[PDB]
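Engineer: My questions all concern the structure below.
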Amino acid sequence: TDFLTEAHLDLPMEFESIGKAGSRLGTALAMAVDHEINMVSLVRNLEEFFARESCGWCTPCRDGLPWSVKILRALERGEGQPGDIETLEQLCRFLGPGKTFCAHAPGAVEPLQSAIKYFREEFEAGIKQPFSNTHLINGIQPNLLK
Amino acid sequence: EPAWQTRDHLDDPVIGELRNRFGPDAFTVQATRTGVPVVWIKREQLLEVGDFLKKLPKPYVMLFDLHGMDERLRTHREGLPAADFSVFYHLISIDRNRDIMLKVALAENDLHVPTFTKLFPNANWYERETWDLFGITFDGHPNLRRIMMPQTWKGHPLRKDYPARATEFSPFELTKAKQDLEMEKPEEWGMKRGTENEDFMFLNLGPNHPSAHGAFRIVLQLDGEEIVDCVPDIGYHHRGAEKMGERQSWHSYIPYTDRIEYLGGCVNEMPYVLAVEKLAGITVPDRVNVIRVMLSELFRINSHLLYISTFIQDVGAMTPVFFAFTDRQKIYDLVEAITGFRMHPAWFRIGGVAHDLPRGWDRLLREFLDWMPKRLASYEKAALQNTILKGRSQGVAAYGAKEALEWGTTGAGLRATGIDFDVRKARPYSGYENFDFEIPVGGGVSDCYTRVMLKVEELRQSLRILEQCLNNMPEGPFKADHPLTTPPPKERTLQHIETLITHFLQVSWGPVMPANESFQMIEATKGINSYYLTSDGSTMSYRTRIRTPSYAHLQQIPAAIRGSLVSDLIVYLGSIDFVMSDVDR
Amino acid sequence: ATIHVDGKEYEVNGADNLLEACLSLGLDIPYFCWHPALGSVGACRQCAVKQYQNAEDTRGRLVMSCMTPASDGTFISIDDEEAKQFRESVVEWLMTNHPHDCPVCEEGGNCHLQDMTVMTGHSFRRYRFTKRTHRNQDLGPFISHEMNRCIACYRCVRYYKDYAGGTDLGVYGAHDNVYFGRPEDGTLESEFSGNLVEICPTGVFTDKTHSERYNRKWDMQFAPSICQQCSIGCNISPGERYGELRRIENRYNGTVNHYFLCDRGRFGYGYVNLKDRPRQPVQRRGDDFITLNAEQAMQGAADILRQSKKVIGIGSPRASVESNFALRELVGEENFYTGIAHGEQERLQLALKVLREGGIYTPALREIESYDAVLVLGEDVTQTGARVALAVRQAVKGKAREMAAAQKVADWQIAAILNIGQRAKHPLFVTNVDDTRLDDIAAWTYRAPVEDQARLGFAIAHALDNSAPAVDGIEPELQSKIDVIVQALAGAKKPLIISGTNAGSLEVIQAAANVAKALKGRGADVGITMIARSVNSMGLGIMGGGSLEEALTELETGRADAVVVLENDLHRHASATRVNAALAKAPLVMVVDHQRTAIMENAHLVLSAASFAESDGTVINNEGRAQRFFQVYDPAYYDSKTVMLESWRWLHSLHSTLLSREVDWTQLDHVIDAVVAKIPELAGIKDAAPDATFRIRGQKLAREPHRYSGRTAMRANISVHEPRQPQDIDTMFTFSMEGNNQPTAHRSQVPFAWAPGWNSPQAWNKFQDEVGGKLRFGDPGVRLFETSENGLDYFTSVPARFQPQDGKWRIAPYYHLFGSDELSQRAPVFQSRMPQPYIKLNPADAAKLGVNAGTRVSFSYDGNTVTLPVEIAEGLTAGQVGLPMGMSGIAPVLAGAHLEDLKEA
Ligand code: SF4
Ligand code: SF4
Ligand code: SF4
Ligand code: SF4
Ligand code: FES
Ligand SMILES: [Ca+2]
């Protein structure tokens with residue numbers, strides 16, 4: 001389910017009440033994350049659980065949850081690069097209800113988009129090195145993309 | 001809106017004029033990527049439409065192109081009239097800076113089109129070539145014979161059911177054709193007065209030549225030294241370039257585009273890759289345009305140097321050819337450093353160029369730019385201001401604007417008549433708007449000497465373009481960021497699987513151009529060159545049409561030489577700036 | 001129905017899914033997990049299109065086109081930006097873990113994944129992390145395994161388990177660590193494991209036989225041909241390079257063998273590339289086997305035939321219609337003998353009589369899949385006609401398909417089909433001397449001697465209709481099983497009786513005919529299928545002639561002093577001693593053959609004939625459909641001294657040289673006209689394919705693709721001068737690039753499938769009118785005979801029970817898919833897949849002789865003692881002994897024969 005802030009704490013636990021709040025009621029067994037626990041590591045652990053316990057039938061969840069897990073691993077170590085958060089948004093948009101075979105993956109990337117929406121400043125702090133996907137090959141001049 | 005977008009051009013004034021004249025149901029407008037309004041006209045109304053376009057308030061004065069198309073194997077013909085064959089007529093209005101493409105549909109049993117020579121006199125060779133290569137008969141043609149193949153040739157080679165490869169060489173055919181040469185009647189060629197004045201001497205000027213323009217034959221009839229009739233026999237340099245265009249992929253055809261005008265090189269590459277980029281939807285970056293303009297101007301300078309040296313040698317001075325070939329060696333040093341080859345670099349690609357510029361090219365460009373103008377002034381003072389050369393050149397084989405328009409003459413010969421029509425200014429391509437250069441024009445008479453001086457001025461303006469390019473260098477990619485850029489950049493091919501897959505399919509099966517029709521017109525070294533490409537949605541061209549200016553100039557050869565001398569004929573041949581590969585292709 | 005694709009109106013079938021409807025119209029949609037034959041599961045998430053609720057909708061909804069039915073008035077968009085972005089993203093996710101393997105991968109240039117990566121426009125990589133790797137299993141000598149290239153599209157498991165009915169290929173692990181293969185190292189036991197090289201969109205399953213001598217698809221010279229390894233006649237595309245046959249691809253035929261071949265017909269082609277084949281004519285003078293060219297060989301052969309008193313000709317069922325007919329013209333129809341034995345010819349002629357005179361419609365191989373009950377009498381279908389066994393599996397799963405269709409589930413929802421159809425399946429009753437490979441799905445399997453199998457069929461026919469002759473001596477529980485079979489066959493809408501000549505019993509064929517007649521008399525839509533042995537067995541039966549025993553008696557008595565053996569080794573249909581003695585007595589033996597056989601040592605002249613890869617001709621399959629196979633390559637293009645002509649060409653020029661004393665290398669259409677003039681029952685073979693003057697808008701049909709490479713360098717080591725392009729005067733094809741292979745060409749013989757952007761075997765979608773249907777402009781091939789109006793009568797000859805006599809052992813045929821067809825045993829890659837020759841014994845008989853399993857015992861047949869190791873067969877009956885038909889020393893004529901002196905060695 002989606003993460004919520006203190007402004008959403010004063011809101012009754014129903015189905016329709018959480019329906020327009022940008023989250024789900026779920027099993028109604030909430031868990032509170034304090035200031036000491038960084039949300040980057042928490043979302044990394046959540047996506048690692050959702051990736052290692054996915055069923056692996058359909059392509060977007062099966063081959064995109066490891067990509068998000070590796071992006072969050074890079075953001076944990078400060079090895080983030082420009083083009084990671086946008087990759088997370090594109091994966092979440094392409095993992096919605098019916099975009100995958102079932103609803104396990106929309107529930108998997110509900111915490112990711114929630115932590116993006118509410119705690120984007122904690123994810124941008126992991127981006128430190130510029131985007132270097134290729135390595136220099138001696139004898140071939142690279143195509144300087146603009 | 002992209003410049004490569006498929007357009008129907010229904011807002012053009014010519015479509016409205018045709019609708020108001022012939023009615024709204026007399027023709028069918030085709031939406032293509034050629035950039036010109038393509039109008040399918042019924043066969044019976046072809047002469048009426050030609051006359052109506054010829055008599056407009058701003059008329060279509062030049063027949064740019066005229067050829068055929070075998071449409072039997074074409075599958076994607078949505079919105080098109082039913083045609084086994086078609087004949088297309090590309091007409092240009094200079095006053096409007098516009099052009100139209102009429103298309104006549106035919107049937108496999110009745111391949112008979114009315115002749116176009118009564119409207120545009122330069123249609124004679126085009127219709128002879130269409131009959132030779134497609135079997136399309138033009139009723140009313142004065143002399144409809146084969147022009148690329150010998151008269152004893154079976155079949156029409158540009159048809160789809162013709163084997164493109166070489167047949168087996170047989171010595172019996174060689175002996176039979178040698179017998180034809182030895183026993184080679186001044187009546188079958190359209191000649192008249194077969195020595196009726198008892199002085200009408202016949203000579204053969206070709207086909208073998210001690211000159212770099214190629215091999216071709218003219219049969220000269222003279223009253224003493226005066227030319228009374230001349231029948232040029234061409235096709236001694238036919239290479240099946242268009243039939244090869246149907247047999248190579250979109251990427252592996254670029255070396256064949258190189259050898260169309262072999263003094264041009266990258267200039268010949270340019271309209272082909274621009275037309276394929278129109279088919280692919282590729283908008284190349286500005287650095288690619290800058291690089292291609294640089295190499296086109298370098299090859300233009302190289303070709304102009306060869307032309308000026310060859311003309312000066314034809315007049316009789318034999319030192320400037322040595323000096324101009326030393327300058328050509330300097331240009332070849334720069335081109336060898338950039339591309340790796342001298343004359344046929346095959347360096348342009350679909351969506352860019354083959355490699356980036358090597359580290360140090362600007363030093364060679366600076367050396368050439370310092371070396372060139374002093375040598376040009378030396379050439380002028382040593383040979384081009386000689387009064388003997390002026391007497392050999394001035395007032396020799398002259399024509400005005402009307403004769404240049406009616407024969408499709410383009411380039412220096414067109415602009416020597418005062419018609420300020422250059423493609424780099426009228427229809428700017430490949431970022432020629434960013435360079436400050438002038439277009440030299442004549443006073444109204446196109447002599448040999450006027451054409452040579454205009455080519456000298458064009459060389460000077462190309463040097464100015466090179467200086468402006470060396471001063472201002474943009475930085476960026478040498479290839480486009482399009483999925484259809486062929487081939488992809490090499491390092492990403494060597495270390496990325498998607499790029500490797502795209503490279504693997506593009507260099508083996510070929511890039512797949514979606515089914516459309518494209519047309520690119522550029523200013524060549526020798527005039528106006530154009531590539532007209534039809535894709536059937538495959539990895540090879542369904543049709544490759546190459547319009548070259550030397551074809552029109554050699555068609556204008558008999559019209560401006562009647563009543564002149566044989567030495568005047570040699571000077572005229574030397575002052576056209578033609579090659580036989582351009583004519584025959 | 002009516003669909004709106006990007007504003008354009010299209011008319012499609014309402015029962016079809018949207019992906020197959022859009023692919024049928026020529027629209028390009030990327031897809032991996034969907035196959036026309038395997039149904040749909042929606043794994044790869046690649047076929048996304050944006051569907052709109054009404055005519056004026058902006059947002060739409062992204063939907064999967066392989067799940068979306070093509071209902072009336074369905075508004076969709078393919079080329080809008082959202083759907084293209086999603087499909088590019090799916091391709092990008094597939095490309096994250098894909099190895100950098102395209103240069104060293106056998107699927108390069110033939111890869112569905114490459115085509116769909118290029119089609120989606122995805123060429124820029126932004127993935128910088130590690131890629132998962134997998135260890136490679138060993139799948140045997142046919143299929144090479146490489147699991148790094150997998151995209152987890154689940155087509156292999158779907159085909160191999162649901163379609164092919166295999167048991168040793170599965171998916172393991174979870175998430176992105178899914179592994180497709182066997183639980184351990186071993187050979188893939190399915191007889192249709194070779195179709196994985198076309199079902200798999202990637203390079204996980206590759207042809208190992210092709211991988212040994214590999215070339216790309218653009219370099220291959222293809223021709224449309226018919227597989228020569230059994231009587232089914234599956235259409236194939238043999239492709240060659242540098243003068244050797246390289247690959248056998250599946251050629252789509254919507255009537256016979258649409259997407260699938262069997263392993264024998266895909267990997268048994270290696271006999272063509274054998275180096276012991278005759279390449280030039282050889283004459284034996286004294287003991288010197290000197291070498292001639294064509295003209296002097298024809299002249300000397302014509303002379304030595306001219307001063308002979310009688311010339312006989314022994315044809316073969318391996319040879320085509322034209323070659324056997326040319327031999328028949330050469331020797332006269334009185335002196336022409338078929339190369340098969342008397343019993344084999346009797347069974348073959350009875351099967352032909354049932355097919356073309358029984359009044360029961362024999363079904364096409366595609367049409368077998370739409371039958372409701374199958375009774376197989378005596379025929380080991382998986383080992384002799386394997387593709388018919390695959391179609392029988394499909395017909396058995398038809399009950400689950402019908403049960404799903406009764407509960408509002410379409411035929412492409414194969415997951416829901418298997419959910420509704422848990423274990424219920426159509427009745428299949430197979431009967432054999434032992435257990436078959438159809439027993440895992442068969443409703444019943446009857447292991448009995450062929451007399452008892454025939455009696456079972458006769459009892460079934462009598463219980464279905466009392467006019468059939470009754471059987472006395474049926475045990476009561478066996479009678480209850482007869483009643484069960486009768487109740488299953490009577491309730492079926494379309495029953496199907498399948499038999500053949502491989503059982504070695506005429507009575508099984510008679511019993512199957514009577515069951516088919518009894519089911520016809522009740523009003524059912526019964527069909528009958530008959531499996532023959534060789535590629536042109538039905539054609540040789542239609543042509544007719546004497547048996548091999550008559551030819552051997554003619555040679556042994558001395559009435560014939562000249563024998564012409566056409567493509568026959570003569571040991572598979574008669575004993576070796578008798579054939580060798582007859583050929584030694586004959587002073588002139590002339591063998592027209594393309595495989596080095598044992599009778600060439602006694603031969604005086606050997607005419608180096610051409611195989612199917614180097615020859616044209618017509619063959620009649622087991623259903624009576626005439627099919628034309630074309631030459632793949634010119635043998636003399638690379639080796640100029642090779643004189644390897646067609647068998648009909650050799651025999652026609654020999655007849656011309658014998659008559660008028662000059663050589664006449666004729667044209668194939670002339671021989672076709674001669675067949676349809678002399679033989680009116682073969683008059684339909686003219687319509688099998690158009691003649692050599694057939695053109696597509698003036699041009700011929702290209703054998704090789706547009707990007708055929710190396711043409712100025714492939715023969716440069718022999719001479720730098722390029723040779724002649726080989727001229728094809730026989731067919732409508734050319735040995736060159738310069739031809740036509742357009743998918744919309746008005747033609748039926750397609751040499752290979754290629755479309756711009758579709759380099760995979762999925763270009764057959766472009767070459768079909770609708771996907772998964774027929775080939776556009778009709779499937780190739782024509783049935784020779786129609787269904788007769790009046791049928792046959794009931795065969796009253798009910799055989800007696802099998803009584804095991806002491807000292808005599810009844811030989812029970814145990815056919816093998818790798819080892820029974822002779823040319824397939826010649827292939828070197830089949831010598832590791834074939835089993836060792838084991839003689840099969842009952843446990844009671846093994847106890848009687850006191851021999852255990854694996855012991856070598858010797859038996860003498862025709863005065864020759866041969867030893868084999870014993871394998872114990874529980875399913876066999878007492879008094880019989882199992883032998884592998886077709887192997888070296890064990891001729892298939894031994895089936896149904898007694899065996900003497902069975903003792904331990
Ligand atoms: S989204 Fe569901 S069906 Fe798809 S792979 Fe993930 S867990 Fe399996
Ligand atoms: S399976 Fe296809 S994409 Fe993968 S390595 Fe082979 S050719 Fe390349
Ligand atoms: S091995 Fe091939 S067929 Fe099987 S899931 Fe992987 S890609 Fe698909
Ligand atoms: S079933 Fe018979 S004809 Fe078909 S591929 Fe197998 S061996 Fe060949
Ligand atoms: S083809 Fe539809 S999701 Fe695979
Ligand atoms: Ca042939």
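Following the order of the structure tokens, chains are lettered A, B, ..., residues in each are numbered from 1, and ligands are numbered from 1.
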Using DSSP on the backbone coordinates, identify all residues within region 729-824 of chain C classified as strand (DSSP E or B); present the result as a ChimeraX atom specification.

Structural biologist: /C:733-734,740,755,758,768,775,782-783,808-813

Engineer: What residues of the protein or nucleic acid chains come within 8 Å of ligand 6 when you use only C-alpha atoms and all ligand atoms? Reply as an mmCIF file with C-alpha atoms, in the first residue's frame.

Structural biologist:
```
data_model
loop_
_atom_site.group_PDB
_atom_site.id
_atom_site.type_symbol
_atom_site.label_atom_id
_atom_site.label_comp_id
_atom_site.auth_asym_id
_atom_site.auth_seq_id
_atom_site.Cartn_x
_atom_site.Cartn_y
_atom_site.Cartn_z
ATOM 1 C CA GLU C 614 19.485 -32.107 -56.342
ATOM 2 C CA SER C 615 16.372 -33.188 -58.249
ATOM 3 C CA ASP C 616 12.759 -32.327 -58.994
ATOM 4 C CA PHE C 630 12.031 -28.838 -56.560
ATOM 5 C CA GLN C 631 15.802 -28.880 -56.879
ATOM 6 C CA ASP C 634 23.067 -27.461 -58.866
ATOM 7 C CA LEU C 645 21.551 -35.961 -62.911
ATOM 8 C CA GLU C 646 17.928 -36.687 -62.125
ATOM 9 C CA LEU C 668 10.436 -32.290 -66.251
ATOM 10 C CA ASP C 728 16.676 -24.253 -64.462
ATOM 11 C CA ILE C 729 14.771 -25.543 -67.480
ATOM 12 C CA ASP C 730 12.656 -27.921 -65.386
ATOM 13 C CA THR C 731 10.881 -25.671 -62.888
#
```

Engineer: Hey, list the chain A side of the contact with chain B: 12 Å cut-off, only C-alpha atoms, answer as a PyMOL selection string.

Structural biologist: chain A and resi 133-146

Engineer: Can you check which residues of chain C have any atom within 9 Å of chain B? Use only C-alpha atoms and format it as an MDAnalysis selection string.

Structural biologist: chainID C and resid 92 95:96 98:103 108:109 114:115 117:118 121:125 218 696:700 706:707 723:725 738:739 742 744:745 755:757 759

Engineer: Would you list the residues that come within 6 Å of ligand 4? Count only C-alpha atoms and all ligand atoms and give the answer as a list in words.

Structural biologist: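 Listing the residues within 6 Å of ligand 4 gives residues 227, 229, 230, 231, 232, 233, 234, 261, 262, 264, 265, 385, 386 and 387 of chain C.
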
Engineer: Enter the distance from CA of residue 464 (chain C) to CA of residue 522 (chain C), in Å, rounded to one decimal.

Structural biologist: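 Distance reported for this atom pair: 8.2 Å.
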
Engineer: Could you list, as a count of residues only, every residue within 10 Å of residue 211 (chain B), counting only C-alpha atoms and ignoring same-chain residues fewer than 6 positions away?

Structural biologist: 4

Engineer: With 9 Å as the cut-off and only C-alpha atoms and all ligand atoms counted, what is the closest atom pair between each nearby residue of chain C and ligand 1? Distances in Å to one decimal, ordered by chain and number, as a tab-separated table.

Structural biologist:
```
residue	atom	partner	partner_atom_place_in_ligand_line	distance
C:43	CA	ligand 1	4 (Fe)	7.7
C:174	CA	ligand 1	8 (Fe)	8.9
C:175	CA	ligand 1	5 (S)	6.7
C:176	CA	ligand 1	5 (S)	8.6
```

Engineer: Restricting the output to N, CA and C atoms, write the selected residues as a compact mmCIF listing (two decimals), in the first residue's frame.

Structural biologist:
```txt
# COMPACT_ATOMS: atom_id res chain seq x y z
N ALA C 43 1.85 -13.54 -21.54
CA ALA C 43 3.01 -13.39 -20.67
C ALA C 43 3.89 -12.21 -21.08
N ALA C 174 11.65 -18.93 -9.83
CA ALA C 174 10.69 -17.84 -9.78
C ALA C 174 11.38 -16.56 -10.24
N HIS C 175 10.62 -15.46 -10.17
CA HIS C 175 10.97 -14.11 -10.65
C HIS C 175 11.72 -14.13 -11.98
N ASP C 176 12.88 -13.47 -12.04
CA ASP C 176 13.66 -13.41 -13.27
C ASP C 176 14.65 -14.56 -13.39
```

Engineer: Which neighbours of region 147-155 of chain C fall inside 10 Å, counting only C-alpha atoms, when residues of the same chain fewer than 4 positions from it are skipped, and could you give them as number ranges by chain?

Structural biologist: A: 56-59, 62-63; C: 31-35, 38-45, 91, 93-95, 97-102, 105, 113, 131-137, 159-161, 170-171, 175-181, 196, 199-205
